$ cat start.cif   # mmCIF, C-alpha atoms and all ligand atoms
data_start
#
loop_
_atom_site.label_atom_id
_atom_site.label_comp_id
_atom_site.auth_asym_id
_atom_site.auth_seq_id
_atom_site.Cartn_x
_atom_site.Cartn_y
_atom_site.Cartn_z
CA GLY A 3 0.00 0.00 0.00
CA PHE A 4 3.00 2.28 -0.47
CA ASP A 5 4.00 3.66 -3.87
CA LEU A 6 7.08 5.49 -2.54
CA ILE A 7 9.71 5.13 0.20
CA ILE A 8 11.42 8.38 1.20
CA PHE A 9 14.75 8.05 2.96
CA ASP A 10 16.65 10.68 4.86
CA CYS A 11 20.36 10.42 4.18
CA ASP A 12 22.16 11.37 7.42
CA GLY A 13 21.82 8.74 10.12
CA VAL A 14 19.67 6.47 7.86
CA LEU A 15 21.56 5.61 4.69
CA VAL A 16 24.99 6.85 5.83
CA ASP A 17 26.58 6.85 9.31
CA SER A 18 27.27 10.63 9.23
CA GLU A 19 25.74 11.72 12.54
CA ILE A 20 28.31 9.81 14.63
CA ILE A 21 30.96 11.95 12.87
CA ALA A 22 29.15 15.21 13.71
CA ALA A 23 28.70 13.91 17.31
CA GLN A 24 32.46 13.18 17.46
CA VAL A 25 33.48 16.58 16.12
CA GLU A 26 31.05 18.46 18.37
CA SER A 27 31.70 16.56 21.62
CA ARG A 28 35.43 17.08 21.15
CA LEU A 29 35.06 20.81 20.44
CA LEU A 30 32.86 21.08 23.52
CA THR A 31 35.22 18.97 25.65
CA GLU A 32 38.20 21.11 24.71
CA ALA A 33 36.35 24.37 25.44
CA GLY A 34 35.73 23.32 29.08
CA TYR A 35 32.62 21.13 28.71
CA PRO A 36 33.53 17.41 28.96
CA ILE A 37 30.92 15.33 27.14
CA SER A 38 31.09 11.96 25.37
CA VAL A 39 29.53 11.30 21.96
CA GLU A 40 26.85 9.23 23.73
CA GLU A 41 25.63 12.18 25.85
CA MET A 42 25.51 14.48 22.79
CA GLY A 43 22.48 12.40 21.77
CA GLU A 44 20.81 12.37 25.15
CA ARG A 45 21.28 16.08 25.80
CA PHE A 46 21.32 17.78 22.42
CA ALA A 47 19.59 15.58 19.81
CA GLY A 48 18.11 17.45 16.87
CA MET A 49 19.50 20.79 17.98
CA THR A 50 21.77 22.76 15.66
CA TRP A 51 25.42 23.30 16.55
CA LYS A 52 24.51 27.01 17.09
CA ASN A 53 21.71 26.32 19.61
CA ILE A 54 23.77 23.67 21.43
CA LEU A 55 26.46 26.30 22.06
CA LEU A 56 23.79 28.72 23.26
CA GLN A 57 22.41 26.06 25.66
CA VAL A 58 25.90 25.29 26.97
CA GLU A 59 26.67 28.95 27.67
CA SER A 60 23.18 29.28 29.21
CA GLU A 61 23.61 26.21 31.45
CA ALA A 62 27.35 26.35 32.24
CA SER A 63 28.75 29.78 31.11
CA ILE A 64 31.45 28.04 29.06
CA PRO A 65 33.35 30.58 26.91
CA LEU A 66 32.54 29.51 23.34
CA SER A 67 33.44 31.76 20.40
CA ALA A 68 31.90 32.10 16.93
CA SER A 69 35.28 30.96 15.59
CA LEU A 70 34.13 27.52 16.75
CA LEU A 71 30.99 27.49 14.57
CA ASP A 72 33.21 27.20 11.47
CA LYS A 73 35.74 24.77 12.93
CA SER A 74 32.82 22.34 13.28
CA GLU A 75 31.45 22.69 9.71
CA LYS A 76 34.88 22.45 8.06
CA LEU A 77 36.08 19.59 10.31
CA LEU A 78 32.84 17.73 9.58
CA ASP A 79 33.23 18.35 5.79
CA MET A 80 36.74 16.90 5.79
CA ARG A 81 35.91 13.96 8.04
CA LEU A 82 32.77 13.03 6.08
CA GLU A 83 34.68 12.89 2.82
CA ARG A 84 37.49 10.79 4.35
CA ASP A 85 35.59 8.48 6.74
CA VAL A 86 31.83 8.31 6.13
CA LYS A 87 30.42 4.75 6.05
CA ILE A 88 27.21 3.25 4.66
CA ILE A 89 24.73 1.98 7.25
CA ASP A 90 24.64 -1.83 7.65
CA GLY A 91 21.71 -3.48 5.91
CA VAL A 92 21.09 -0.65 3.42
CA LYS A 93 22.19 -2.73 0.40
CA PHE A 94 20.22 -5.68 1.93
CA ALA A 95 17.07 -3.58 2.16
CA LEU A 96 17.48 -2.06 -1.32
CA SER A 97 18.00 -5.55 -2.77
CA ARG A 98 14.62 -6.73 -1.43
CA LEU A 99 12.25 -3.74 -1.67
CA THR A 100 10.15 -3.37 -4.83
CA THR A 101 8.90 0.15 -4.05
CA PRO A 102 10.44 3.23 -5.79
CA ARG A 103 12.68 5.34 -3.58
CA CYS A 104 14.07 8.80 -3.09
CA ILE A 105 16.05 10.93 -0.70
CA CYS A 106 14.69 14.01 1.04
CA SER A 107 17.23 15.70 3.27
CA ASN A 108 18.06 18.95 5.08
CA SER A 109 21.71 18.54 3.98
CA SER A 110 22.93 20.70 1.07
CA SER A 111 22.95 19.07 -2.39
CA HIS A 112 26.76 19.23 -2.41
CA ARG A 113 27.06 17.33 0.88
CA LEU A 114 24.50 14.75 -0.27
CA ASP A 115 26.40 14.25 -3.50
CA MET A 116 29.72 13.90 -1.70
CA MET A 117 28.47 11.33 0.88
CA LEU A 118 26.34 9.24 -1.53
CA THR A 119 29.09 9.08 -4.17
CA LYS A 120 31.66 8.00 -1.53
CA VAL A 121 29.56 5.11 -0.19
CA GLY A 122 28.48 4.21 -3.73
CA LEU A 123 24.75 4.83 -3.20
CA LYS A 124 24.24 7.75 -5.58
CA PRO A 125 23.34 5.65 -8.68
CA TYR A 126 20.50 4.01 -6.70
CA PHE A 127 18.82 7.35 -6.01
CA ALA A 128 19.85 9.95 -8.65
CA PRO A 129 18.21 12.13 -9.90
CA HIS A 130 15.75 11.70 -6.99
CA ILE A 131 17.95 13.32 -4.34
CA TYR A 132 16.16 16.36 -2.89
CA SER A 133 17.66 18.97 -0.62
CA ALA A 134 15.41 21.23 1.46
CA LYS A 135 18.15 23.91 1.00
CA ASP A 136 17.41 23.99 -2.77
CA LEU A 137 13.68 24.66 -2.24
CA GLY A 138 14.21 28.02 -0.64
CA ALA A 139 15.57 29.54 2.53
CA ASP A 140 13.88 28.29 5.68
CA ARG A 141 11.96 25.42 3.95
CA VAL A 142 13.90 22.93 6.06
CA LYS A 143 12.40 20.03 8.14
CA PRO A 144 10.26 20.17 10.41
CA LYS A 145 8.43 21.94 7.54
CA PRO A 146 6.74 19.33 5.28
CA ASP A 147 8.09 21.05 2.12
CA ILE A 148 10.90 18.66 1.09
CA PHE A 149 8.70 15.57 1.60
CA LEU A 150 5.76 17.01 -0.36
CA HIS A 151 8.24 17.93 -3.12
CA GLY A 152 9.67 14.38 -3.32
CA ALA A 153 6.22 12.74 -3.34
CA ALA A 154 4.96 15.09 -6.10
CA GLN A 155 7.99 14.21 -8.29
CA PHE A 156 6.64 10.63 -8.29
CA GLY A 157 2.98 11.63 -8.54
CA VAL A 158 2.30 9.75 -5.31
CA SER A 159 -0.34 10.89 -2.78
CA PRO A 160 1.19 11.40 0.70
CA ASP A 161 -0.99 8.69 2.24
CA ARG A 162 0.83 6.19 -0.03
CA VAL A 163 4.36 7.26 1.07
CA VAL A 164 6.40 5.76 3.91
CA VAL A 165 9.31 7.77 5.29
CA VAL A 166 12.48 6.42 7.01
CA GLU A 167 13.87 8.92 9.52
CA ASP A 168 16.34 9.00 12.43
CA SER A 169 15.45 12.55 13.50
CA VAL A 170 12.59 14.20 15.33
CA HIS A 171 12.54 17.11 12.82
CA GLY A 172 12.24 14.71 9.85
CA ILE A 173 9.48 12.79 11.60
CA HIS A 174 7.42 15.94 12.27
CA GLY A 175 8.06 17.06 8.67
CA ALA A 176 6.78 13.74 7.37
CA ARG A 177 3.72 13.70 9.65
CA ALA A 178 2.96 17.34 8.72
CA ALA A 179 3.01 16.09 5.07
CA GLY A 180 0.41 13.38 5.82
CA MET A 181 2.80 10.43 5.50
CA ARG A 182 3.53 7.33 7.59
CA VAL A 183 6.88 7.13 9.34
CA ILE A 184 9.36 4.43 10.34
CA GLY A 185 11.84 5.64 12.94
CA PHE A 186 15.36 4.28 12.57
CA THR A 187 17.72 3.98 15.55
CA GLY A 188 20.40 1.68 14.09
CA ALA A 189 23.02 4.31 13.36
CA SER A 190 26.12 4.57 15.57
CA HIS A 191 25.11 7.86 17.24
CA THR A 192 21.98 6.31 18.83
CA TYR A 193 21.29 6.78 22.55
CA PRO A 194 18.88 5.37 25.14
CA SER A 195 16.03 7.87 24.66
CA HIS A 196 16.30 7.79 20.80
CA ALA A 197 13.49 5.33 19.97
CA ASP A 198 11.06 6.93 22.45
CA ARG A 199 11.84 10.38 20.98
CA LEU A 200 11.10 9.14 17.45
CA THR A 201 7.87 7.48 18.64
CA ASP A 202 6.80 10.71 20.45
CA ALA A 203 7.44 12.68 17.22
CA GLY A 204 5.06 10.38 15.36
CA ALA A 205 7.04 7.31 14.24
CA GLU A 206 4.52 4.54 13.64
CA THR A 207 7.20 2.01 14.45
CA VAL A 208 10.92 1.99 15.20
CA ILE A 209 13.59 -0.32 13.75
CA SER A 210 17.34 -0.65 14.53
CA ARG A 211 18.16 -3.05 11.69
CA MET A 212 17.87 -1.65 8.21
CA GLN A 213 17.46 -5.29 7.15
CA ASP A 214 14.01 -5.18 8.82
CA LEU A 215 12.65 -2.55 6.43
CA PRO A 216 11.08 -4.98 3.93
CA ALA A 217 9.24 -6.82 6.75
CA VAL A 218 8.17 -3.67 8.59
CA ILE A 219 6.88 -2.02 5.37
CA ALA A 220 4.90 -5.11 4.37
CA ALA A 221 3.36 -5.26 7.86
CA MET A 222 2.45 -1.54 7.85
CA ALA A 223 0.71 -1.96 4.46
CA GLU A 224 -1.29 -4.66 6.39
MG MG A 301 18.82 12.26 9.61
#

$ encode --input "start.cif" --output "structure tokens"
Amino acid sequence: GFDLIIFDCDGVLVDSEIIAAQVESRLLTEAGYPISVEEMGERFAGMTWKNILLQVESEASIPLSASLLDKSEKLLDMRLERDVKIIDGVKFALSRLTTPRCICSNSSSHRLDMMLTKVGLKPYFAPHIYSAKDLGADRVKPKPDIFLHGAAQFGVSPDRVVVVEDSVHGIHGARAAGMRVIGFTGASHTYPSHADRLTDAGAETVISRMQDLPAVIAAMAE
């Protein structure tokens, strides 16, 4: 009963959020705020690097410059290109699923291209790789815009689309678009409250093995 599967890229297809968690927790740790990658998830999930730094100064008065907003983005860029890994079970899932697929992401088109090419996934999605940054300024998830755009490119009504998301903002975006959502907590940056957070945001179900996608989708279709 689904004519389209929409995937997010970061934290779903590619293990990119563990790399952001690593960069950020180290930049925080060095600035006077010791925090492990694991706690990044528990304390700051979803939040932008900018708002995290605002919350840290608010809660602990740690001196944190604007010079450290760009060290993050450029360190992340470099580390993604060198180290980013595909999520386990992606190629298993894609082998089995018969439903058409696309990517709707908040990441820039350039970043998407770089990550997907590296892990060899691009040919399985192009040209159906949609960045919310290309739609306009401030059209980013939790707005439904990117999802509605991807569904319309396939001519699929939103009630016939299932979305795979690891983030609360993507889940709200997808629900706001009238779609059904599978939360995914199998990426390496996951944390104890992750599945509950995804459920609370409107995930119909949560999986931690990408290999479970074919079964979970079939069951959701009834
Ligand atoms: Mg994501």

$ residues_near_ligand --input "start.cif" --ligand "ligand MG 301 (chain A)" --cutoff "6 Å" --atoms "all atoms listed in the file" --output "PyMOL selection string"
chain A and resi 10-13+167-169

$ residues_around --input "start.cif" --residues "residue 93 in chain A" --least-positions-apart "4" --cutoff "10 Å" --atoms "all atoms listed in the file" --output "ChimeraX atom specification"
/A:15,88-89,97-98,123,126,212-213

$ closest_residue --input "start.cif" --among "A:119, A:100, A:107, A:187" --to "residue 131 in chain A" --atoms "all atoms listed in the file"
A:107

$ residues_around --input "start.cif" --residues "residue 104 in chain A" --least-positions-apart "3" --cutoff "9 Å" --atoms "all atoms listed in the file" --output "compact mmCIF listing (two decimals) with C-alpha atoms, in the coordinates of the input"
# COMPACT_ATOMS: atom_id res chain seq x y z
CA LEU A 6 7.08 5.49 -2.54
CA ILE A 7 9.71 5.13 0.20
CA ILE A 8 11.42 8.38 1.20
CA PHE A 9 14.75 8.05 2.96
CA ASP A 10 16.65 10.68 4.86
CA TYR A 126 20.50 4.01 -6.70
CA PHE A 127 18.82 7.35 -6.01
CA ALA A 128 19.85 9.95 -8.65
CA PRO A 129 18.21 12.13 -9.90
CA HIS A 130 15.75 11.70 -6.99
CA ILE A 131 17.95 13.32 -4.34
CA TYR A 132 16.16 16.36 -2.89
CA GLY A 152 9.67 14.38 -3.32
CA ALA A 153 6.22 12.74 -3.34

$ closest_residue --input "start.cif" --among "A:219, A:176, A:66, A:56" --to "residue 151 in chain A" --atoms "only C-alpha atoms"
A:176

$ closest_residue --input "start.cif" --among "A:164, A:55, A:179, A:40" --to "residue 69 in chain A" --atoms "all atoms listed in the file"
A:55

$ atom_distance --input "start.cif" --atom1 "CA of residue 171 in chain A" --atom2 "CA of residue 216 in chain A"
23.9 Å

$ closest_residue --input "start.cif" --among "A:137, A:184, A:14, A:21" --to "residue 77 in chain A" --atoms "all atoms listed in the file"
A:21

$ closest_residue --input "start.cif" --among "A:210, A:101, A:50, A:159" --to "residue 192 in chain A" --atoms "all atoms listed in the file"
A:210

$ closest_residue --input "start.cif" --among "A:196, A:102, A:185, A:84" --to "residue 18 in chain A" --atoms "only C-alpha atoms"
A:84

$ residues_around --input "start.cif" --residues "residue 199 in chain A" --least-positions-apart "2" --cutoff "12 Å" --atoms "all atoms listed in the file" --output "PyMOL selection string"
chain A and resi 43-44+47-48+167-174+185-187+192-197+201-208

$ write_last_selection --input "start.cif" --atoms "C-alpha atoms" --output "compact mmCIF listing (two decimals), in the frame of the given file"
# COMPACT_ATOMS: atom_id res chain seq x y z
CA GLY A 43 22.48 12.40 21.77
CA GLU A 44 20.81 12.37 25.15
CA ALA A 47 19.59 15.58 19.81
CA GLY A 48 18.11 17.45 16.87
CA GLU A 167 13.87 8.92 9.52
CA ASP A 168 16.34 9.00 12.43
CA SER A 169 15.45 12.55 13.50
CA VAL A 170 12.59 14.20 15.33
CA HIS A 171 12.54 17.11 12.82
CA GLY A 172 12.24 14.71 9.85
CA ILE A 173 9.48 12.79 11.60
CA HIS A 174 7.42 15.94 12.27
CA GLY A 185 11.84 5.64 12.94
CA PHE A 186 15.36 4.28 12.57
CA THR A 187 17.72 3.98 15.55
CA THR A 192 21.98 6.31 18.83
CA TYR A 193 21.29 6.78 22.55
CA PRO A 194 18.88 5.37 25.14
CA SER A 195 16.03 7.87 24.66
CA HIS A 196 16.30 7.79 20.80
CA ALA A 197 13.49 5.33 19.97
CA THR A 201 7.87 7.48 18.64
CA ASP A 202 6.80 10.71 20.45
CA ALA A 203 7.44 12.68 17.22
CA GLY A 204 5.06 10.38 15.36
CA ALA A 205 7.04 7.31 14.24
CA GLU A 206 4.52 4.54 13.64
CA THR A 207 7.20 2.01 14.45
CA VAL A 208 10.92 1.99 15.20

$ residues_around --input "start.cif" --residues "residue 52 in chain A" --least-positions-apart "4" --cutoff "10 Å" --atoms "only C-alpha atoms" --output "ChimeraX atom specification"
/A:56-57,68,70-71

$ atom_distance --input "start.cif" --atom1 "CA of residue 49 in chain A" --atom2 "CA of residue 135 in chain A"
17.3 Å

$ atom_distance --input "start.cif" --atom1 "CA of residue 155 in chain A" --atom2 "CA of residue 96 in chain A"
20.1 Å

$ residues_near_point --input "start.cif" --point "(28.2, 8.7, 26.1)" --cutoff "12 Å" --atoms "only C-alpha atoms" --output "list in words"
residues 20, 23, 24, 27, 36, 37, 38, 39, 40, 41, 42, 43, 44, 45, 46, 190, 191, 192, 193 and 194 of chain A

$ residues_around --input "start.cif" --residues "residue 86 in chain A" --least-positions-apart "4" --cutoff "8 Å" --atoms "only C-alpha atoms" --output "PyMOL selection string"
chain A and resi 16-18+21+81-82+117+120-121

$ axis_aligned_box --input "start.cif" --around "range 72-82 of chain A" --padding-each-side "8 Å" --output "lines of an AutoDock Vina configuration file"
center_x = 34.1
center_y = 20.1
center_z = 9.5
size_x = 21.3
size_y = 30.2
size_z = 23.5

$ build_atoms --input "start.cif" --residues "range 190-216 of chain A" --atoms "N, CA, C and O atoms" --output "PDB file, in the coordinates of the input"
ATOM      1  N   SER A 190      25.172   4.669  14.456  1.00  0.00           N
ATOM      2  CA  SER A 190      26.120   4.570  15.570  1.00  0.00           C
ATOM      3  C   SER A 190      25.976   5.672  16.607  1.00  0.00           C
ATOM      4  O   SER A 190      26.510   5.543  17.700  1.00  0.00           O
ATOM      5  N   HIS A 191      25.277   6.756  16.283  1.00  0.00           N
ATOM      6  CA  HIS A 191      25.110   7.860  17.240  1.00  0.00           C
ATOM      7  C   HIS A 191      23.906   7.663  18.168  1.00  0.00           C
ATOM      8  O   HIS A 191      23.612   8.552  18.989  1.00  0.00           O
ATOM      9  N   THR A 192      23.206   6.530  18.049  1.00  0.00           N
ATOM     10  CA  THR A 192      21.980   6.310  18.830  1.00  0.00           C
ATOM     11  C   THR A 192      22.258   6.352  20.345  1.00  0.00           C
ATOM     12  O   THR A 192      23.409   6.254  20.780  1.00  0.00           O
ATOM     13  N   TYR A 193      21.195   6.492  21.124  1.00  0.00           N
ATOM     14  CA  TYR A 193      21.290   6.780  22.550  1.00  0.00           C
ATOM     15  C   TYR A 193      20.013   6.229  23.162  1.00  0.00           C
ATOM     16  O   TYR A 193      19.059   5.935  22.436  1.00  0.00           O
ATOM     17  N   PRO A 194      19.994   6.034  24.492  1.00  0.00           N
ATOM     18  CA  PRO A 194      18.880   5.370  25.140  1.00  0.00           C
ATOM     19  C   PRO A 194      17.476   5.960  24.881  1.00  0.00           C
ATOM     20  O   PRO A 194      16.521   5.216  24.715  1.00  0.00           O
ATOM     21  N   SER A 195      17.346   7.278  24.850  1.00  0.00           N
ATOM     22  CA  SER A 195      16.030   7.870  24.660  1.00  0.00           C
ATOM     23  C   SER A 195      15.626   8.014  23.184  1.00  0.00           C
ATOM     24  O   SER A 195      14.542   8.511  22.890  1.00  0.00           O
ATOM     25  N   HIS A 196      16.483   7.561  22.259  1.00  0.00           N
ATOM     26  CA  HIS A 196      16.300   7.790  20.800  1.00  0.00           C
ATOM     27  C   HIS A 196      14.982   7.227  20.250  1.00  0.00           C
ATOM     28  O   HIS A 196      14.210   7.968  19.644  1.00  0.00           O
ATOM     29  N   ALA A 197      14.711   5.939  20.486  1.00  0.00           N
ATOM     30  CA  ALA A 197      13.490   5.330  19.970  1.00  0.00           C
ATOM     31  C   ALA A 197      12.218   5.979  20.542  1.00  0.00           C
ATOM     32  O   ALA A 197      11.244   6.221  19.800  1.00  0.00           O
ATOM     33  N   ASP A 198      12.206   6.252  21.849  1.00  0.00           N
ATOM     34  CA  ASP A 198      11.060   6.930  22.450  1.00  0.00           C
ATOM     35  C   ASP A 198      10.847   8.310  21.823  1.00  0.00           C
ATOM     36  O   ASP A 198       9.714   8.683  21.521  1.00  0.00           O
ATOM     37  N   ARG A 199      11.931   9.056  21.615  1.00  0.00           N
ATOM     38  CA  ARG A 199      11.840  10.380  20.980  1.00  0.00           C
ATOM     39  C   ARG A 199      11.221  10.335  19.586  1.00  0.00           C
ATOM     40  O   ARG A 199      10.359  11.156  19.258  1.00  0.00           O
ATOM     41  N   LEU A 200      11.657   9.368  18.787  1.00  0.00           N
ATOM     42  CA  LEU A 200      11.100   9.140  17.450  1.00  0.00           C
ATOM     43  C   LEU A 200       9.622   8.745  17.485  1.00  0.00           C
ATOM     44  O   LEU A 200       8.819   9.266  16.716  1.00  0.00           O
ATOM     45  N   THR A 201       9.260   7.853  18.401  1.00  0.00           N
ATOM     46  CA  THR A 201       7.870   7.480  18.640  1.00  0.00           C
ATOM     47  C   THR A 201       7.019   8.702  19.019  1.00  0.00           C
ATOM     48  O   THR A 201       5.947   8.918  18.434  1.00  0.00           O
ATOM     49  N   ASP A 202       7.515   9.509  19.961  1.00  0.00           N
ATOM     50  CA  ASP A 202       6.800  10.710  20.450  1.00  0.00           C
ATOM     51  C   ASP A 202       6.573  11.717  19.314  1.00  0.00           C
ATOM     52  O   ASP A 202       5.562  12.442  19.312  1.00  0.00           O
ATOM     53  N   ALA A 203       7.500  11.741  18.354  1.00  0.00           N
ATOM     54  CA  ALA A 203       7.440  12.680  17.220  1.00  0.00           C
ATOM     55  C   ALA A 203       6.446  12.245  16.146  1.00  0.00           C
ATOM     56  O   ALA A 203       6.051  13.044  15.279  1.00  0.00           O
ATOM     57  N   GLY A 204       6.085  10.967  16.200  1.00  0.00           N
ATOM     58  CA  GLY A 204       5.060  10.380  15.360  1.00  0.00           C
ATOM     59  C   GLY A 204       5.489   9.169  14.558  1.00  0.00           C
ATOM     60  O   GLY A 204       4.783   8.768  13.638  1.00  0.00           O
ATOM     61  N   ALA A 205       6.636   8.576  14.888  1.00  0.00           N
ATOM     62  CA  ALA A 205       7.040   7.310  14.240  1.00  0.00           C
ATOM     63  C   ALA A 205       6.002   6.246  14.551  1.00  0.00           C
ATOM     64  O   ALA A 205       5.654   6.042  15.719  1.00  0.00           O
ATOM     65  N   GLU A 206       5.495   5.602  13.506  1.00  0.00           N
ATOM     66  CA  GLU A 206       4.520   4.540  13.640  1.00  0.00           C
ATOM     67  C   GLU A 206       5.178   3.305  14.250  1.00  0.00           C
ATOM     68  O   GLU A 206       4.562   2.532  15.004  1.00  0.00           O
ATOM     69  N   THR A 207       6.430   3.096  13.883  1.00  0.00           N
ATOM     70  CA  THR A 207       7.200   2.010  14.450  1.00  0.00           C
ATOM     71  C   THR A 207       8.657   2.431  14.401  1.00  0.00           C
ATOM     72  O   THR A 207       8.995   3.368  13.676  1.00  0.00           O
ATOM     73  N   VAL A 208       9.495   1.752  15.177  1.00  0.00           N
ATOM     74  CA  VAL A 208      10.920   1.990  15.200  1.00  0.00           C
ATOM     75  C   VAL A 208      11.663   0.679  14.869  1.00  0.00           C
ATOM     76  O   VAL A 208      11.329  -0.390  15.387  1.00  0.00           O
ATOM     77  N   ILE A 209      12.665   0.774  13.990  1.00  0.00           N
ATOM     78  CA  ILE A 209      13.590  -0.320  13.750  1.00  0.00           C
ATOM     79  C   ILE A 209      15.049   0.097  14.010  1.00  0.00           C
ATOM     80  O   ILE A 209      15.385   1.281  13.958  1.00  0.00           O
ATOM     81  N   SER A 210      15.899  -0.873  14.328  1.00  0.00           N
ATOM     82  CA  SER A 210      17.340  -0.650  14.530  1.00  0.00           C
ATOM     83  C   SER A 210      18.171  -1.447  13.517  1.00  0.00           C
ATOM     84  O   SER A 210      19.389  -1.265  13.407  1.00  0.00           O
ATOM     85  N   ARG A 211      17.518  -2.353  12.796  1.00  0.00           N
ATOM     86  CA  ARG A 211      18.160  -3.050  11.690  1.00  0.00           C
ATOM     87  C   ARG A 211      17.543  -2.618  10.395  1.00  0.00           C
ATOM     88  O   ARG A 211      16.352  -2.813  10.182  1.00  0.00           O
ATOM     89  N   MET A 212      18.359  -2.029   9.526  1.00  0.00           N
ATOM     90  CA  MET A 212      17.870  -1.650   8.210  1.00  0.00           C
ATOM     91  C   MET A 212      17.341  -2.883   7.459  1.00  0.00           C
ATOM     92  O   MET A 212      16.395  -2.784   6.668  1.00  0.00           O
ATOM     93  N   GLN A 213      17.907  -4.047   7.774  1.00  0.00           N
ATOM     94  CA  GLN A 213      17.460  -5.290   7.150  1.00  0.00           C
ATOM     95  C   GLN A 213      15.995  -5.628   7.435  1.00  0.00           C
ATOM     96  O   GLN A 213      15.428  -6.479   6.762  1.00  0.00           O
ATOM     97  N   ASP A 214      15.397  -4.953   8.426  1.00  0.00           N
ATOM     98  CA  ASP A 214      14.010  -5.180   8.820  1.00  0.00           C
ATOM     99  C   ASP A 214      13.023  -4.359   7.989  1.00  0.00           C
ATOM    100  O   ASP A 214      11.818  -4.598   8.026  1.00  0.00           O
ATOM    101  N   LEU A 215      13.527  -3.376   7.248  1.00  0.00           N
ATOM    102  CA  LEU A 215      12.650  -2.550   6.430  1.00  0.00           C
ATOM    103  C   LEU A 215      11.644  -3.282   5.546  1.00  0.00           C
ATOM    104  O   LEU A 215      10.471  -2.930   5.565  1.00  0.00           O
ATOM    105  N   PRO A 216      12.090  -4.273   4.737  1.00  0.00           N
ATOM    106  CA  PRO A 216      11.080  -4.980   3.930  1.00  0.00           C
ATOM    107  C   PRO A 216       9.940  -5.576   4.760  1.00  0.00           C
ATOM    108  O   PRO A 216       8.771  -5.412   4.397  1.00  0.00           O
TER     109      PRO A 216
END
